[PDB]
Protein chains: 2
Amino acid sequence: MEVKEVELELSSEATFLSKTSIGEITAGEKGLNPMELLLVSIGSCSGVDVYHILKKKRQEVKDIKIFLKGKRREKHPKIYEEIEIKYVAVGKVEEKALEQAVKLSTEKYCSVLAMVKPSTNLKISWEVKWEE
Amino acid sequence: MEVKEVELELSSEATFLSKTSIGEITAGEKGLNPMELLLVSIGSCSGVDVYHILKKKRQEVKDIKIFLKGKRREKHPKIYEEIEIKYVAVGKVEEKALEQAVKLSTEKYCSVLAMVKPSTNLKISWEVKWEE
């Protein structure tokens, strides 16, 4: 069982300097918004999967853009009742390859996403932009 | 329903420049580890709650330290089977006030935590260090 550890310390009003393996970022009221950071965690975790899978499937990736939109419940806890994730692959990428990468990521590899899926309505979409 | 939005774009091998409301950070293989970022999201979201509650309860906060440790499953998806969160309040803070703040946060206010609770074993602890 791999262990991951982070440590936070107050840096300003309701804000924390958060220590990770690569460095420290400020998260909170006067720093990175925690709920936006959750979307970044989800997006990057999945993005890593899609990148590697696309590479394994011999696709030529010029760029990968991921757009995440979350809609929060009005009463506490204000969790995301819905999360829309749109993947856009740019380069010599076949739509079938991108679909496979996104599905494998969202249904098997993405650890961050697997932890929140049971508490929200996930809407996934993707598209390719053929470029040289 | 409040809407939160972030956008990611490839920045280096399996790494993404992630745009949020306050700026951009790199998340991925060569940037901030996505699963460590999840712990930062959880810690900061809860930290914001604890900070405000402690303030509302008239506690004198010199500092707030939060330590998060996650243990991952060995097969995919490698979610955290366990997440330990330890809160340490420093200053003129009564243990009862910290307990109340942590409980209200973890059981009612913390949005990030509420989304992952149903998929992991949460172990919470806290302690105060009386300081002037």
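Residue numbers begin at 1 in each chain, while the letters A, B, ... track the order of the sequences. In what follows, every heavy atom counts, from backbone to side chain, and hydrogens, waters and symmetry copies are set aside.
Closest of all the heavy-atom pairs between A:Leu32 and B:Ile22 is N-CD1, 3.0 Å. Minimum interatomic distance between A:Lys4 and B:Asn33 (heavy atoms only, all atoms of both residues): CE-OD1, 3.5 Å. Of all non-hydrogen atoms in B:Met1 and A:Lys71, the two that sit nearest each other are CE-O, 4.0 Å. Across all non-hydrogen atoms, the minimal contact from A:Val112 to B:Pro34 is CG2-O, 4.1 Å. Taking all atoms of both residues into account, the shortest heavy-atom contact from A:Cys110 to B:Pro77 is O-CB, 4.1 Å. Across all their heavy atoms, B:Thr120 and A:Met115 have their closest contact at CB-CE, 3.8 Å.
Here CG of B:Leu39 is found 11.5 Å from CD of A:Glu7. Values are rounded to the nearest 0.5 Å.
Of all the listed residues (A:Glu107, A:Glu36, A:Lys62), the one sharing the greatest number of non-hydrogen pairs under 4.5 Å with chain B is A:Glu36. In terms of heavy-atom pairs under 4.5 Å with chain B, the best-connected choice from A:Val50, A:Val48, A:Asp63 is A:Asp63. Most heavy-atom pairs under 4.5 Å with chain B, from the set A:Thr15, A:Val3, A:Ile83, A:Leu10: that is A:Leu10.
Distance alone, capped at 3.5 Å, is enough to place a donor-acceptor pair between the A:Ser111 side chain and the B:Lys78 backbone.
Heavy atoms closer than 4.5 Å to chain A are found in the side chain of B:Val61, but not in its backbone. For A:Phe16, the part lying near chain B is the side chain, with the backbone staying farther off; criterion is any non-hydrogen pair under 4.5 Å. Neither the backbone nor the side chain of A:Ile42 comes within contact range of chain B; no heavy atoms are under 4.5 Å apart. Heavy atoms of A:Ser21 lying under 4.5 Å from chain B belong to its backbone as well as its side chain. For B:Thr20, the parts sitting under 4.5 Å from any heavy atom of chain A are the backbone and the side chain alike. Of the atoms belonging to A:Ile25, it is side-chain heavy atoms, and not backbone ones, that fall under 4.5 Å from chain B. Looking at B:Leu113, neither its backbone nor its side chain comes within 4.5 Å of chain A, counting heavy atoms on both sides. Both the backbone and the side chain of A:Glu13 come within less than 4.5 Å of a heavy atom of chain B. Only the side chain of A:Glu74 comes within less than 4.5 Å of a heavy atom of chain B; its backbone N, CA, C and O stay farther away.
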Stepwise side chain to side chain contact (heavy atoms under 4.5 Å, CB included) test for A:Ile64 and B:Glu9: CA-CA 6 Å; A:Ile64 295 176; B:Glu9 176 166 43; over 6 Å; no

Going through the checks in order, is the side chain to side chain contact (heavy atoms under 4.5 Å, CB included) test met by A:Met35 and B:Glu2? CA-CA 11 Å; A:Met35 278 288 270; B:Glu2 174 179 39; over 6 Å; no

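B:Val88 and B:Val93 are assigned to two separate hydrophobic clusters, defined by single-linkage of ILVMFWY side chains at heavy-atom distances under 4.5 Å.
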